[PDB]
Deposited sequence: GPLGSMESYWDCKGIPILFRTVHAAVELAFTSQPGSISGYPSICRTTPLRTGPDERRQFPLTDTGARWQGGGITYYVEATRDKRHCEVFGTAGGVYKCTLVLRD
């Protein structure tokens, strides 16, 4: 594949979630009607939506939720969470 250094990402108990993956999920969250993507996005005045993420970079396909994002439409608020062992906040690693 093409050469590239590591861009900013979220460290979810050792699994990196790429910034591009998170932004794609937020874009999907805000172009979908609430609940339509197998129950998501859900809603948390600056509208915040909650939407699942994958570690594979692939868009989430319904079914199991290991990671999720809570974000506003322009990502000025953007936090990533994991569910393993109880909900926890992933660590943003800026590059």
Report summary line: Stretches of the deposited sequence lacking C-alpha coordinates, in sequence order, are 45-52, 104
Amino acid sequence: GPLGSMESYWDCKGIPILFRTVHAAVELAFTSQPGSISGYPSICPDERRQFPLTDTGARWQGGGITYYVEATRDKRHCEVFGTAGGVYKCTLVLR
From here on, numbers count along this sequence of modelled residues.
**Report entry** Greater mean Cα temperature factor according to the PDB record, 56-64 or 29-37
**Finding:** 56-64
**Report entry** Residue range whose averaged C-alpha B-factor is higher in the record, 66-74 or 46-54
**Finding:** 46-54
Report summary line: Chain-relative C-alpha B factor for residue 80 (record values, thirds): the lowest
**Report entry** Assigned third (lowest, middle, highest) for the C-alpha B factor of residue 24
**Finding:** middle
Requested in this report: Would you please rank residue 18 by its C-alpha temperature factor against the other modelled residues of its chain and give the third it falls in: lowest, middle or highest?
Outcome: highest
